[PDB]
6 protein chains.
Amino acid sequence: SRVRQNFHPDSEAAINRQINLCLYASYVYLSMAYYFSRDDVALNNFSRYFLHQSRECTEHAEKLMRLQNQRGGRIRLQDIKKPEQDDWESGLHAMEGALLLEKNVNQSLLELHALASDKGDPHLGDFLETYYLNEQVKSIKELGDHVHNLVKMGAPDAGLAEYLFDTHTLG
Amino acid sequence: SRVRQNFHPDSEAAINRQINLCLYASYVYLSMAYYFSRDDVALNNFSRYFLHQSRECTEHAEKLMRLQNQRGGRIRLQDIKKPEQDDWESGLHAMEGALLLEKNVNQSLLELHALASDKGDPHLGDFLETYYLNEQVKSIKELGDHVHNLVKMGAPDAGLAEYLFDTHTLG
Amino acid sequence: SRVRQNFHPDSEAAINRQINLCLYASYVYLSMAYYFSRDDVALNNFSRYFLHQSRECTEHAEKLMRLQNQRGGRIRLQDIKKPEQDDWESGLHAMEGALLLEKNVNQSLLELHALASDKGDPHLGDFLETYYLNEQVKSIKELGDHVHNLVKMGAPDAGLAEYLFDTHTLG
Amino acid sequence: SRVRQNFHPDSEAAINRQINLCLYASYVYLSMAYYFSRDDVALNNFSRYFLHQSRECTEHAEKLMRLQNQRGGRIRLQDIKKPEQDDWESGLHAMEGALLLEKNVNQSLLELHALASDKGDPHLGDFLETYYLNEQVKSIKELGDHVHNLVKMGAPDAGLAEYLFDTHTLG
Amino acid sequence: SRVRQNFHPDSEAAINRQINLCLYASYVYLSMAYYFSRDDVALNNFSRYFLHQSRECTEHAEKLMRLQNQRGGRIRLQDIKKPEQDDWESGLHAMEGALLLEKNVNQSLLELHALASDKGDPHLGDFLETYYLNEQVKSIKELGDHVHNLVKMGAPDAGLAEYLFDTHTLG
Amino acid sequence: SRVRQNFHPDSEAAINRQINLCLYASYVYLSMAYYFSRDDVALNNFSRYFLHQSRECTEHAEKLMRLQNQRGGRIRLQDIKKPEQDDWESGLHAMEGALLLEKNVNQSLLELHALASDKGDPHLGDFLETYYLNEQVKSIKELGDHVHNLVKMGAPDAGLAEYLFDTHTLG
Ligand SMILES: [Au+]
Ligand SMILES: [Au+]
Ligand SMILES: [Au+]
Ligand SMILES: [Au+]
Ligand SMILES: [Au+]
Ligand SMILES: [Au+]
């Protein structure tokens, strides 16, 4: 590739893996989003919250696809695995699931950064620092805030908890 | 009638029946609307919600009266029966009553569509598809959402449930 | 009822009767409105005139339902009887029918006022004076004007009469 | 054709026939339009009314030509037959002629819909439902309204009838 | 489910299958979009064209997820399979691949419509007619137009063909 | 006819012939317009060019119908013959066909002018001079320009010719 420079085959491959992971997270959030628009759940702001989290994840994945092409790597897509559940059980359980998901995504991004460092690729390191690492920290912190409030409010069993959290925090 | 074409007498008669039904549903919703403005109920947004549902139903009935005339049928009105109750008991009970009502109205519209198909009347079939069938599905879904939230919140016996649902969801 | 004061059970019952009557008049006018949009009648401004008269009557009925609740009475709905005819025969015959209808409605409102006086209920008396009695007089006078012009013009048998009245007076 | 899918040769041929019919109706209305701008007829609003009906029909025909190409069919034009008359005799006779024309066009469209159903072509069925069937019903109803008023007014022999109908209804 | 009415388990299952298919098509188009932003392809308007086609497909899939919930069905996601190729070879080959893809998607939607008809579900039939069937026909027609022009221009081997098509048609 | 003056029966008849011819040319151009929106032709600006030429021709025909009525002649319509071909083969062949068509139309208009002169009808002569003769010359000149460029560019066999002419000249 006539543009390739300082771009290690392991980095290119790790980027392809992160693209699949970030697409998977997008898919998890889409599943969650339409769980909360079920007639027997009907928490519309939970629904909009996770839909927005889905788009953020799709944008993360496209930016990595764009990075692959900018550096002369070659995008290789894999299946996007279905989420672990279709029934996300409650607003609290979904938020806790999102938190676990974002920490796994964050672990992968951190390992991708360590690889970039090992290979002496400061462009890739800065790319992750500038667009991913702090977004992940903000996302994880926000999900932690929500989990805490939902637990403190008595979710899932206190009938008013998820309803009121839906209308006040997520509205 | 010099405009009548492909318009079966059974369809004309079924349309007259649907007009009475859609007027009845309008009357049920009007009853519900003024139940919630009682001084011993005083849920003003429940009141406005059902009043709006009443108007939607009056518009449905007028559109069917208009269809009758467009096709050369002849409108034949019948008594509009009083609702089953004047005292609708609670916000939850009214919402559940509306849901049952809308499903019966939906069943009638679906049977009217099947008649139109049997008689080869695609204008009538499309009329129902375009203005009634999806409106009924949206309406029924919304009432299901509300019923679910009210139950989850502990209505009717939890004193805060209908009050908070009134101010947050229906406001 | 913790709001009830100076509100006689006969007044409450008479109000429920007037609600049914005012809803009936609304139904009569709706029937008339869609008679004039028949392809073999097709007097669109007669149609709009009676449709407007129908809404005025629905608003009268809702205001009485509202009054019932303001005073602590309890709304009790009855069947809304179908109009005496589906075929209103001509613009003149419909106008004459409306005039008779409004005079009967006016008689009922006047009897309701006399009851309010007998029971010493000046709030109810003023309510009727402020929102019903003069509206009825304006309505009856207008219908008399129209009946007179239609007769003078030679309706129903002079072919130009209802057509020209439709376009000039009711447009 | 690399776009053709689920598109039956009988439907393609029936569409070509409907294109000719809808072009013919356009031609009939053009003939009528310039009959009423004759110095010995001079009903300018009849003229504009039928000219507008002509354009609606040209747009119907072009939409069917467009549908043919969208589905991969092949447009085959035939002669556009001259109207049955150049002298349309009166405003009433022209309106009655338009009504008969629109009912024949409507019959053809309904038969085209039944063919689409038989061939399992829901795209074609919906196309007719969405753009033709209800337009035809509105058109036929309107022509019925006009015919009725013109007859009631005493057209064609009452000298004021077509003149006044021209200025009031069609202006 | 308290909202479910006239909704057959086979329709619910077929809808889940169509959701996976429409998500797959979205994934195919995303793959194509980032193939054309490769430094050794660099047809930016091909890239934007297929990216737009990807979003249209994501919106189709979300609307079906929404329909599932409106009708009381239950969304069940499956893996989204990777596209058949990462290297789409040329602008012509990608357009031909999109055409084949859209015809397969169209076949599935048509089979879904036939199922809805068999089960007497006119809401589902109309949903497909209103939002999918004609969009598919427009899409397939457009891809056919593009394939034709690219072939006529001498793509893929004429060096100016895809470049000029990119700048003129897709810009 | 009380308006007829200096209007020769041969002129009236020749005008009726020109109306049919100008309607025919309109029909030829409509055929051409929808040939270029075929999926295996797909030259959208050729399509819009000939559609515009079709409307110009319809306006020419209506103006002659209007002239007939202004002068007291009587419009007599004949069948509009189908075009010689449905398949117009190429952009060049269609342009050459339009050129031949416009020259025949021009010959007819010139012969109509010579008739007007012979009959001493300067109103008819000026009508043709003012609205037809120079429009025909502009039209024929433009078609000649296009034919020349298309030939010089190597149409129909050079794949880029009609495509580039479509986007640059006709856009
Ligand atoms: Au991500
Ligand atoms: Au209704
Ligand atoms: Au009243
Ligand atoms: Au037509
Ligand atoms: Au799709
Ligand atoms: Au012409």
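Letters A, B, ... mirror the listed sequences (proteins, then strands); counts begin at 1. Heavy atoms only: backbone and side chains are in, while hydrogens, waters and symmetry mates are out.
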Quiz item: Taking C-beta and beyond as the side chain, do A/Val28 and A/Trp88 meet within less than 4.5 Å on heavy atoms?
Solution: yes

Quiz prompt | Distance (rounded to the nearest 0.5 Å) between A/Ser117 OG and A/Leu124 CG | solution = 8.5 Å

Exercise. Using a strict cut-off of less than 4.0 Å between a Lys/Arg side-chain nitrogen and an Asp/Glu carboxylate oxygen, indicate whether E/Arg38 and E/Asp86 qualify as a salt bridge.
Key: no

Self-check item: Ion pair D/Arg74/F/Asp39, N-O distance below 4.0 Å
Solution: yes

Quiz prompt | Donor-acceptor under 3.5 Å (E/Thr167 side chain, E/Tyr163 main chain) | solution = no

Quiz prompt | Enclosure of A/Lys103 NZ (heavy-atom neighbours >12, cutoff 6.0 Å) | solution = no

Exercise. Go through the steps for A/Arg4 and A/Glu12 under the test salt bridge (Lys or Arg N to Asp or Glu O under 4.0 Å), then give the verdict.
Key: CA-CA 11 Å; A/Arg4 201 195 185 104; A/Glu12 174 178 8; 2.7 Å; yes

Quiz item: Quick check: are there more than 12 heavy atoms from other residues, nucleotides or ligands sitting under 6.0 Å from NZ of E/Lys82?
Solution: no

Quiz item: Is a side-chain donor-acceptor pair under 3.5 Å present for D/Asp121 with D/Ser11?
Solution: no

Exercise. Please confirm whether the backbone N or O of E/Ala33 pairs with a side-chain atom of E/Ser47, one donor and one acceptor, at under 3.5 Å?
Key: yes

Quiz item: What's the verdict on side chain to side chain donor-acceptor pair (under 3.5 Å) for E/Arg48 and E/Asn45, showing C-alpha distance, side-chain angles and the deciding distance?
Solution: CA-CA 5 Å; E/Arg48 291 186 266 272; E/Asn45 289 318; 3.1 Å; yes

Quiz item: Is there side-chain contact between E/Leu101 and E/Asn104, with at least one heavy-atom pair below 4.5 Å?
Solution: no

Quiz item: Just by modelled atom types, is the F/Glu89 backbone N or O under 3.5 Å from a matching donor or acceptor in the F/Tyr35 side chain?
Solution: yes

Self-check item: Option among A/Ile15, A/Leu77, A/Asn16 that satisfies the side-chain contact (heavy atoms from CB on, under 4.5 Å) test with A/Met65
Solution: A/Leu77

Self-check item: Working for side chain to side chain donor-acceptor pair (under 3.5 Å), residues D/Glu129 and B/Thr130
Solution: CA-CA 10 Å; D/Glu129 295 174 22; B/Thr130 302; over 6 Å; no

Self-check item: Close aromatic pair by centroid cut-off 6.0 Å: E/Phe7 and E/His123
Solution: no

Practice problem: Please examine the side chains of E/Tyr49 and E/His146, heavy atoms only from C-beta on, and report whether any two atoms are closer than 4.5 Å. | Solution: yes

Quiz item: Rounded to the nearest 0.5 Å, how far apart are CZ of A/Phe36 and CG of A/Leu170?
Solution: 9.5 Å

Quiz item: Is A/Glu62 paired with E/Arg55 through a side-chain N to carboxylate O contact shorter than 4.0 Å?
Solution: yes

